[PDB]
Amino acid sequence: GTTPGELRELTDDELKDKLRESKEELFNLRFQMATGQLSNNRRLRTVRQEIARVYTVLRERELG
Amino acid sequence: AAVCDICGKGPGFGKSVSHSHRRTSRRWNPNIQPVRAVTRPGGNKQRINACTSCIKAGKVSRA
Amino acid sequence: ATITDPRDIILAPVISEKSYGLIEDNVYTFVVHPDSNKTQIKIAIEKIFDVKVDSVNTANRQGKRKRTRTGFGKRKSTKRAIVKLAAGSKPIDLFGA
RNA sequence: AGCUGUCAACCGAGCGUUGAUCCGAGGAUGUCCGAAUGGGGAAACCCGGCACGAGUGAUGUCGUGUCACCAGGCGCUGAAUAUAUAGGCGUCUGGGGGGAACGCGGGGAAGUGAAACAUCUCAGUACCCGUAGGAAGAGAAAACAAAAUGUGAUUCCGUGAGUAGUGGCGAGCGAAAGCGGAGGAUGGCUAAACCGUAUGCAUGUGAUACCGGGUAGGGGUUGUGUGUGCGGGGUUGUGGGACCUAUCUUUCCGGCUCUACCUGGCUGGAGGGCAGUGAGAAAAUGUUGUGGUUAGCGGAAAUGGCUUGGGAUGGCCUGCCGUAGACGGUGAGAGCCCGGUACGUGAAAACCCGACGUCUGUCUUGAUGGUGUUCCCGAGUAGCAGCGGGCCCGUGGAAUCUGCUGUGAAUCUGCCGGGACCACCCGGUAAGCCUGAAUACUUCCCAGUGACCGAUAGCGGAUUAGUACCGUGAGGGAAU
RNA sequence: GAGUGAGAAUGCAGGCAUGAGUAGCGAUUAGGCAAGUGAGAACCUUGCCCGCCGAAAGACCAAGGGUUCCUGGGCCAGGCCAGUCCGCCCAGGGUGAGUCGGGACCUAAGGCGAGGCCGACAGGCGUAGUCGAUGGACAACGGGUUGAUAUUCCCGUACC
RNA sequence: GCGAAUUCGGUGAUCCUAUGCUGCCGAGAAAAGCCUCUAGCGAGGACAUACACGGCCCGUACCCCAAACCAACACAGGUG
Ligand SMILES: [Mg+2]
Ligand SMILES: [Mg+2]
Ligand SMILES: [Mg+2]
Ligand SMILES: [Mg+2]
Ligand SMILES: [Mg+2]
Ligand SMILES: [Mg+2]
Ligand SMILES: [Mg+2]
Ligand SMILES: [Mg+2]
Ligand SMILES: [Mg+2]
Ligand SMILES: [Mg+2]
Ligand SMILES: [Mg+2]
Ligand SMILES: [Mg+2]
Ligand SMILES: [Mg+2]
Ligand SMILES: [Mg+2]
Ligand SMILES: [Mg+2]
Ligand SMILES: [Mg+2]
Ligand SMILES: [Mg+2]
Ligand SMILES: [Mg+2]
Ligand SMILES: [Mg+2]
Ligand SMILES: [Mg+2]
Ligand SMILES: [Mg+2]
Ligand SMILES: [Mg+2]
Ligand SMILES: [Mg+2]
Ligand SMILES: [Mg+2]
Ligand SMILES: [Mg+2]
Ligand SMILES: [Mg+2]
Ligand SMILES: [Mg+2]
Ligand SMILES: [Mg+2]
Ligand SMILES: [Mg+2]
Ligand SMILES: [Mg+2]
Ligand SMILES: [Mg+2]
Ligand SMILES: [Mg+2]
Ligand SMILES: [Mg+2]
Ligand SMILES: [Mg+2]
Ligand SMILES: [Mg+2]
Ligand SMILES: [Mg+2]
Ligand SMILES: [Mg+2]
Ligand SMILES: [Mg+2]
Ligand SMILES: [Mg+2]
Ligand SMILES: [Mg+2]
Ligand SMILES: [Mg+2]
Ligand SMILES: [Mg+2]
Ligand SMILES: [Mg+2]
Ligand SMILES: [Mg+2]
Ligand SMILES: [Mg+2]
Ligand SMILES: [Mg+2]
Ligand SMILES: [Mg+2]
Ligand SMILES: [Mg+2]
Ligand SMILES: [Mg+2]
Ligand SMILES: [Mg+2]
Ligand SMILES: [Mg+2]
Ligand SMILES: [Mg+2]
Ligand SMILES: [Mg+2]
Ligand SMILES: [Mg+2]
Ligand SMILES: [Mg+2]
Ligand SMILES: [Mg+2]
Ligand SMILES: [Mg+2]
Ligand SMILES: [Mg+2]
Ligand SMILES: [Mg+2]
Ligand SMILES: [Mg+2]
Ligand SMILES: [Mg+2]
Ligand SMILES: [Mg+2]
Ligand SMILES: [Mg+2]
Ligand SMILES: [Mg+2]
Ligand SMILES: [Mg+2]
Ligand SMILES: [Mg+2]
Ligand SMILES: [Mg+2]
Ligand SMILES: [Mg+2]
Ligand SMILES: [Mg+2]
Ligand SMILES: [Mg+2]
Ligand SMILES: [Mg+2]
Ligand SMILES: [Zn+2]
């Protein structure tokens, strides 16, 4: 839900915070999907792609 | 024992032909002898295989 | 830079008659990563839900071979952790009861 | 301007002019196995060391790195054993495996044919082994030729020619010279003899020594001898090179040239020349080019009438475009309905090309042809012999080339070849090395074409296809 | 210009006849009745009998198989008949270990094998090693529980 | 849900003591493990108590003299 653009003003530690918050979110809605009370399915994909985006930006910061 | 350790002279392959011109494959092997030569003037000896051509030409010092 | 957090290990809860019957005795079944061990699972479960975990028992289940006009295919091979919580009995309520 | 690959749709949700799906380029992530390489293993699954973090009350546990073996550089150490070596420790840099065909170097059948069969053939084939490259190999005369004041590195193609030959003169096999062409680079570089240097090994006459010389002084390139490296110098066939031998002497000056005076080389610097990613030593790098490749975009002209029809893209009649009447699709034969075609336009980035500069190197302390000798011109090599291989040539009178074994020279009034051999003539200059083009092939990608097949055909495979299935396994292998 | 003409190759493929509604329907135990279910019952469910095994035709494993196990549903193909049933079809579920059986312990026959030696090359053996149980070492017992696991879960008491 | 009595004997192993004992020739694995000794490491350390903990990976369903394995079959055969 957040463009990779506005992830470049965030430092390493707060990018890491964003990433762990997102991983916790993903665990929660994975449980909700398993128990049957998640109707919105595209939420899983968006959060999974957000995690991938956060790693991508971190690696780009490391290398250049 | 058919490769020289110095010049790599290996066997050659040809035919042994009988009186009935009955050719069979055989090998001309090199005349490699077990030499035990020195690399240093001092005289420490290491055992190798050297064809008699290399012995004759003095490529190995059996000091 | 990878970050490893506990939730990357446990994937789904097992929602079944037997799983609920164990829940009623304060024992929780999860689907876990196929390459985990009981020590890692215990640490992760204690770190996520903030409980004391007594025991973890693991089972490996092979995938069901299903037929088709093409032939056979196979499902995932999964492994499950049955986790027994301490006597304090602070329930875990992400299962729906 | 619609999208969430597909079989293969249904449900459940969503995204999209704030530019999604899609396409091209460069990147990131990239579990496990596999050369597989921390150790092990029944490939894809088991067990670790060390370092830095994480996490726990602590052990447990997690994350990221790193840890195979060989070969070669460099540094340290130098067993038995003294010199020392073999080895050991460390730090680097490579190697390993795969691949359809084409290349090169080796090993090498049998069925078969000979109307039997053994020489011979098949056939240097099939297969195997070692190695490549984008091509390879070959390549710059120790060649041909034949008395012509002749050709001139190699490779390939056509002939010569099924000829000369060869052959249990059986079945069979089978040239080259010459001649016509594709290409061009009749291309390059070393060794040696001498000169200088540096170092190593045996040495001092330890003293009148070396130095181009005369003068004077000191008194050691150890005097010397030798081997190796580096640089000059040379690079040849009418032989050439070196050593001394001769006239005119041409970019500036300085330093060296045992020492200082004048003279002989070597060396610096500013020139200028000439070349270069080349075979002729390489490397790095800028700048440019409406050069190419990897997505695309535009692109003229019929809603035409009448009629049959479910539907015109049929029939009849009208217009129109055409640098476009290629080919498809659209409800039946469409140049004017769609995609396109002819024809133009387009690249941020990456890659492949040239071109101009930095850069790199060389040449100029210097040129030229003469006049007369000594040295040099690739050594366990050539040649010779024995036993083989291969040449059209099956041992023949058997040259040329070549392997194993034995013996074993000369440096040019030499040595090799010209089908035994000898003499004379002619051609050439082995035992050192590089080398483009013309030639062979297609795993893969792009674009096309077919008097090619059209579902028992064409690939085994138009569909689950190397699938199902059969076999312990190599392997065999459908039908739709 | 031809992949140009079939009736024969114990020819190849496919479809279909003849035998023929014929043989067979796979042991040496053997079934019956009442009721139920259901469209349909010799074959399924329940009861009561009868019979067979009983050093097994019972109970538990290894190897091998691979979901065949349990629950719900099904009845086209398979079952040598029918089938409401099924080891068959479909969906969901089910396998819990410090002590069991292995590894993380150890080696045997053997395998591979750093360096190694041998061999034209391809390779052959092999040292140190390192794997390799069919063996050696090593700590848990009784009861209960599920439709489906049980020295594993729970209960009681232990041991390393 | 509640739940009685459970005492004496006889017989008796192919199972245990037993990796024993006795005979015999055919002359009957290895390694770890354990115990022990020193080399060595060493300023702390040994036994005990109590409490709190960690105990890893793989198999475990079902068949298994069988219509579930080897036999093309729901096969009169085979299977420790
Ligand atoms: Mg050898
Ligand atoms: Mg030969
Ligand atoms: Mg022969
Ligand atoms: Mg990652
Ligand atoms: Mg337990
Ligand atoms: Mg387990
Ligand atoms: Mg099924
Ligand atoms: Mg894209
Ligand atoms: Mg890409
Ligand atoms: Mg490994
Ligand atoms: Mg290995
Ligand atoms: Mg080294
Ligand atoms: Mg020494
Ligand atoms: Mg290779
Ligand atoms: Mg023959
Ligand atoms: Mg014959
Ligand atoms: Mg015949
Ligand atoms: Mg070419
Ligand atoms: Mg070449
Ligand atoms: Mg010819
Ligand atoms: Mg021949
Ligand atoms: Mg020189
Ligand atoms: Mg030179
Ligand atoms: Mg001449
Ligand atoms: Mg367009
Ligand atoms: Mg009409
Ligand atoms: Mg018309
Ligand atoms: Mg048409
Ligand atoms: Mg057309
Ligand atoms: Mg010469
Ligand atoms: Mg011959
Ligand atoms: Mg001859
Ligand atoms: Mg060459
Ligand atoms: Mg076909
Ligand atoms: Mg047809
Ligand atoms: Mg076929
Ligand atoms: Mg098979
Ligand atoms: Mg025909
Ligand atoms: Mg016919
Ligand atoms: Mg017929
Ligand atoms: Mg037939
Ligand atoms: Mg009939
Ligand atoms: Mg009859
Ligand atoms: Mg009858
Ligand atoms: Mg009958
Ligand atoms: Mg029967
Ligand atoms: Mg009845
Ligand atoms: Mg009886
Ligand atoms: Mg009995
Ligand atoms: Mg039984
Ligand atoms: Mg059943
Ligand atoms: Mg049926
Ligand atoms: Mg039936
Ligand atoms: Mg039923
Ligand atoms: Mg059933
Ligand atoms: Mg334990
Ligand atoms: Mg062994
Ligand atoms: Mg080796
Ligand atoms: Mg071996
Ligand atoms: Mg082991
Ligand atoms: Mg065992
Ligand atoms: Mg059971
Ligand atoms: Mg029990
Ligand atoms: Mg199993
Ligand atoms: Mg079990
Ligand atoms: Mg069981
Ligand atoms: Mg079993
Ligand atoms: Mg039966
Ligand atoms: Mg069967
Ligand atoms: Mg049977
Ligand atoms: Mg038996
Ligand atoms: Zn030799």
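Quick look at the structure, then. (Residues numbered from 1 in each chain as written, not as in the entry; some residues may be left out. Chains lettered and ligands numbered in written order. Part of a larger assembly, values for the part shown. Heavy atoms only, no water.)

### Some words on the sheet that holds strand β3 (residues 53-61) of chain C
Remark on secondary structure: sheet strands pair via backbone hydrogen bonds, oriented parallel or antiparallel. Sheet architecture is open: four strands sit in the order β1-β2-β6-β3 (chain C), paired in antiparallel fashion. At either end of the open sheet lies a strand with only one pairing partner, and these are β1 (10-13) and β3 of chain C. This sheet shows a mean twist of 35° between the axes of neighbouring strands, independent of strand direction. Alignment of β3(C) against strand β6 (residues 78-85) of chain C, held across eight bridges, turns out to be antiparallel. Each residue of the ladder has a partner; that of C:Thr58, found in β6(C), is C:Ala81. Running at roughly 30° to β1(C), helix α1 (residues 12-35) of chain A makes contact with β1 and β2 (27-32) of chain C of the sheet. Contacts from helix α2 (residues 38-49) of chain C reach β1, β2, β3 and β6 of chain C within the one sheet, and its direction differs from that of β3(C) by about 125°. (Pairing = 2+ DSSP bridges. Helix = DSSP H or I, 4+ residues; strand = E, 2+ residues; numbered from the N terminus. Axes fitted to C-alpha atoms, helices over the stretch in contact; angles between N-to-C directions. Contact = heavy atoms within 4.5 Å.)

### What to know about a negative patch on the surface
There is a patch of like negative charges on the surface, built from A:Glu6, A:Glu9, A:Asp13, A:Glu14, A:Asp17, A:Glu21, A:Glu24 and A:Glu25. Assignment of secondary structure puts A:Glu24 in helix α1. (Patch = residues over 30% accessible without salt bridge, like charges linked within 9 Å, V, L, I, M, F, W, Y side chains within 5 Å. Areas by Shrake-Rupley, 256 points an atom, 1.4 Å probe, with all protein chains shown as cover. Salt bridge = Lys/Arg side-chain N within 4 Å of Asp/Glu carboxyl O. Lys, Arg positive; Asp, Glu negative; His and termini not counted. Charge placed at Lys NZ, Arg CZ, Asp CG, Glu CD.)

### Re the protein's contact with RNA strand E
Around RNA strand E sit 22 residues, and of these B:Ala1, C:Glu17, C:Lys38, C:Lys64 and C:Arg80 come closest. Those atoms of RNA strand E that come within 4 Å of the protein belong to sugar or phosphate at a rate of 65%. Within the backbone of B:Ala1, one N or O atom sits 2.3 Å away from a phosphate oxygen of RNA strand E. Here C:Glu17 contributes a side-chain N or O atom positioned 2.4 Å from a sugar or linking oxygen of RNA strand E. The set of elements that each furnish at least two residues to the surface near RNA strand E consists of α1 (17-23), β3, β4 (65-67) and β6 of chain C. Counted by class, the surface near RNA strand E contains seven nonpolar, three polar and twelve charged residues. (Near = heavy atom within 4 Å. Polar contact = N/O pair within 3.5 Å; in protein donor to acceptor, adjacent residues only side chain to side chain. Nonpolar A, V, L, I, M, F, W, Y, C, P; charged D, E, K, R; others polar.)

### Some words on the interface of chain A and chain C
Counting from both sides, the interface comprises 13 residues of chain A and, opposite them, 17 residues of chain C. Both sides of the chain A and chain C interface together cover about 1,300 Å² of buried area, and 65% of this is carbon and sulfur. Summed over the three residues of chain A that lose the most area to chain C, namely A:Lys23, A:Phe27 and A:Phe31, the buried surface amounts to 42% of that side. If you look at where chain A meets chain C, you find one salt bridge. Across the salt bridge formed by C:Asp8 and A:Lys23, the nearest N and O atoms sit 2.8 Å from each other. When residues of the side of chain A that touches chain C are assigned to their parent elements, the largest contribution, ten residues, is made by α1(A). Classifying every residue of the side of chain A that touches chain C by side-chain character gives six nonpolar, two polar and five charged. (Buried area = accessible area lost by both parts, 1.4 Å probe.)

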